[PDB]
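Participant:
Put into structure tokens, the structure is as follows:
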């Protein structure tokens, strides 16, 4: 998706590519300070976007996510609000 | 691959033959000092080459070998280097 | 609580400046908060020409030797008398070179009596006095907690999970499944506890998981560690006469 | 071997060893650590001579 | 007083004076109210001043953490696309060696020989919704209360600090190279109790002489209160370290 020997080439355009495996494998085959940290910053944002995309892809096959905590109540007068412990909801 | 009663006949030409089983079985059917140790030396090298060839043949069917130790870092600024304990990677 | 005359009677001597480490605090500009340790460690050997006294106390008896330089400054059971530079605290991060002075500061706690005048034996004996028929820790619980605290290959992933949770509430009821799996794995691995380093975590464990996904011989540890702190809290409640907010 | 018994509880440790066998090597190292800490209290702290 | 923060504006490099309320509450999200009862902090103080030094006996150390890299590591996970969970035996499970790439986060979970499912592994994606910028030192300054309230004690105030969003590690493991020494945690001792000497070695660029002169003196820095202006002097720390009283 980019070349490691140049940090100036990473950005949202190239990091949109795929899952974090591509990021990590790209960084694996490598061979002033403002450049590298700006690069670190967008790399962080890119890997977060990659991770949320991975979760979307895997969550298309999972159960719905309930609200964990009670006490946030709008139609409270009818039902008493009760949270849910997310102890295990695997599928 | 050679005859045991003559040490002067072993060399890289004859030891290239096959796996260490051939070396050991040849030495099994046997029946000044500079000759025998020079022979010991090339026999050692030959059996090492045999063993690495055996490992090639058997490793054509195994998993890739990761670097075991962390801290050797070239693109460190992006990812933190983490080694791998080779506790078990059998296939 | 009358030490006004003692200070006026002590400063008549010129100075006895021996060091400056243990009696000087400096404010720091909000610069780096990770590099302040860098700037401090590099300067530290420059602050200790000779050994700081408070660090290594004199001895059990040699404090009462007829010539040492510590009896001169231990003359009240409820105060501390030392030497510190003539500045107003806090001060600059670079330590100054001003001729010293003799300050004072009350021991807020009885535990701050130096060991030469309150031996560890008496303290342990008083504790064992208070410890009878109040509440205890079954040997199974303490064998686990000490084994945990004394481990030298503690899995770093637990520290990572601690730093990422940072003692919130939403994140713990989000990660409950992973935390339970980690606790279960470690328990069936080495028969110790986990997350005992943090307190909010050891609270959340027994207030959320509790009767649920943890084993009946693993939750006992996390309930004991809380009931003991509860007994400790209750302790001071019966050593106070009912008085008025002062 | 000392380096061996050290690497044992350093790397292997919580891993492939059974729940019981590793206690032997853990104790054999904690004992050496305690013996090391012993001399740490029998020397009045002073300046290097 | 600043509220929750997201991946949108994190700004790890912020050095100003501001502390975070991690998703302030469960329900309310109203201005400026604490979300725990008063006695909570008292129980915390009890735990950290009376039970920790009972078991540790002068081994623990308050550690300053690198919130940038821990987040940089929690993100890179490796999980394939499977409808149903199958178990660690299958080569699709995230713990099987095949899909264990180098320097990922799953390799760490394998370093601890723990067993987890890919679902709980993915659950970690929730953390980016409430960040934690940095760990910062504090410095309290209180005067003696109505007890020691004599005219000659009006100004003999105290000085003690603490860490915000810090972390206390138990025992240092110097002899491993599965990770860098000062990777995620730099030593930041706040009080004489939680200040060992082996943790200073974790700090990058340690001196040749400071570590030699670090065993017989507590290494609390001089911008976090000294041994004379603090409410917890040395003798209590020495007590818990050289006695033997059945813990």
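Protein chains in written order, with the authors' numbering: chain Y, 2 to 32, 41 to 100; chain D, 2 to 32, 41 to 100; chain Z, 445 to 690; chain F, 642 to 690; chain C, 740 to 986.
Cβ coordinates follow ideal geometry from the N, Cα and C atoms, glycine included.
Taking the beta carbon of residue 677(F) as the centre, do at least 16 other beta carbons fall within 10 Å, making it buried, or is it exposed?
Facilitator: exposed
Participant: Quick one: does residue 795(C) have its CB under 8 angstroms from some CB of chain Y?
Facilitator: no
Participant: Within this structure, are the beta carbons of residue 929(C) and residue 801(C) separated by less than 8 angstroms?
Facilitator: yes
Participant: Going by Cα to Cα distance, which pick from 965(C), 969(C), 976(C), 977(C) is closest to residue 491(Z)?
Facilitator: 965(C)
Participant: Verify the CB distance criterion: does residue 642(F) have a CB-CB separation below 8 angstroms to chain Z?
Facilitator: no
Participant: Just checking my contact of residue 971(C) with residue 934(C) at CB under 8 angstroms: how many whole Å lie between their CB atoms?
Facilitator: No, residue 971(C) and residue 934(C) are not in contact; Cβ-Cβ is about 12 angstroms, not under 8 angstroms.
Participant: Buried or exposed: which applies to residue 7(D), given that a residue is buried once 16 or more other Cβ atoms fall within 10 Å of its Cβ?
Facilitator: exposed
Participant: Kindly indicate which three-state DSSP category residue 68(D) falls into: helix, strand or coil?
Facilitator: helix
Participant: Measuring only the C-alpha atoms, how far is residue 10(D) from residue 4(D)?
Facilitator: Distance between the alpha carbons of residue 10(D) and residue 4(D) is about 7 angstroms.
Participant: Measuring straight from C-alpha to C-alpha, what distance separates residue 496(Z) and residue 976(C)?
Facilitator: 16 angstroms
Participant: Which residue or residues does DSSP assign as beta-bridge partners of residue 526(Z)?
Facilitator: 547(Z)
Participant: Listing by chain order, which chain F residues have their CB less than 9 angstroms from the CB of residue 851(C)?
Facilitator: By Cβ distance, chain F contributes 655, 656.
Participant: Just to confirm, is the Cβ distance from residue 546(Z) to residue 525(Z) under 8 angstroms?
Facilitator: yes
Participant: Going along chain D, which residues have a C-beta under 8 angstroms from residue 867(C)?
Facilitator: Ordered by position in chain D, no residue passes the 8 angstroms Cβ test against residue 867(C), which lies about 18 angstroms from the chain.
Participant: Residue 666(F) CB to nearest chain D CB: under 8 angstroms?
Facilitator: no
Participant: Does the distance from the C-beta atom of residue 813(C) to that of residue 861(C) stay below 8 angstroms?
Facilitator: no
Participant: Mark residue 672(Z) as exposed unless 16 or more other C-beta atoms lie within 10 angstroms of its C-beta, in which case mark it buried.
Facilitator: buried
Participant: Along the alpha helix (DSSP H) that carries residue 479(Z), what are the first and last residues, could you check?
Facilitator: Where residue 479(Z) is concerned, there is no enclosing alpha helix (DSSP H), given that its DSSP letter is neither H nor E.
Participant: For the stretch 529-539 of chain Z and the stretch 508-517 of chain Z, state whether three or more C-beta atom pairs, one from each stretch, are separated by less than 8 angstroms.
Facilitator: no
Participant: State the Cα-Cα distance for the pair residue 23(Y) and residue 71(Y), rounded to the nearest angstrom.
Facilitator: 25 angstroms
Participant: 8 angstroms is my cut-off, CB to CB: does residue 56(Y) come that close to chain C?
Facilitator: yes
Participant: Whose C-alpha, out of 654(Z), 575(Z), 602(Z), 541(Z), is nearest the C-alpha of residue 462(Z)?
Facilitator: 541(Z)
Participant: Please tell me whether residue 659(F) has its Cβ less than 8 angstroms away from any Cβ of chain C.
Facilitator: no
Participant: Helix, strand or coil for residue 773(C) per DSSP?
Facilitator: coil
Participant: Does the stretch 611-622 of chain Z come into contact with the stretch 860-879 of chain C, if we say contact requires no fewer than three beta-carbon pairs (one atom in each stretch) closer than 8 angstroms?
Facilitator: Cβ pair count under 8 angstroms is three or more, so yes.
Participant: Residue 27(Y) touches chain C at which residues, Cβ-Cβ below 7 angstroms?
Facilitator: Per Cβ cutoff of 7 angstroms: no residues; residue 27(Y) is ~12 angstroms from chain C at best.
Participant: Measuring CB atoms only, is the stretch 761-781 of chain C touching the stretch 74-87 of chain Y, in the sense that at least three cross pairs come out at less than 8 angstroms?
Facilitator: yes
Participant: How about residue 616(Z) and residue 638(Z): do their beta carbons lie closer than 8 angstroms?
Facilitator: no
Participant: Run down chain Z in chain order and give the residues with a C-beta less than 8 angstroms from the C-beta of residue 96(Y).
Facilitator: 620, 621, 624, 653, 656, 657
Participant: Can you list, in chain order, the residues of its chain whose CB lies under 6 angstroms from that of residue 644(Z), leaving out five sequence neighbours each side?
Facilitator: 611
Participant: Quick one: which chain F residues come within Cβ less than 8 angstroms of residue 633(Z)?
Facilitator: 655, 660
Participant: Quick one: list the residues of chain F neighbouring residue 540(Z), beta-carbon separation under 7 angstroms, in chain order.
Facilitator: Neighbours of residue 540(Z) on chain F: none; closest Cβ ~25 angstroms, over 7 angstroms.
Participant: Check the Cβ of residue 948(C) against every Cβ in chain Z and list those closer than 7 angstroms, keeping chain order.
Facilitator: 489
Participant: On the DSSP bridge assignment, give the partners of residue 899(C) in chain order.
Facilitator: 879(C)
Participant: With 8 angstroms set as the bound, which would you pick, yes or no: does the beta-carbon of residue 463(Z) sit closer than that to a beta-carbon of chain Y?
Facilitator: no
Participant: Starting from residue 906(C), trace the beta strand (DSSP E) both ways and give me its first and last residue.
Facilitator: Boundaries of the beta strand (DSSP E) harbouring residue 906(C): 906-908, taken from the DSSP string.
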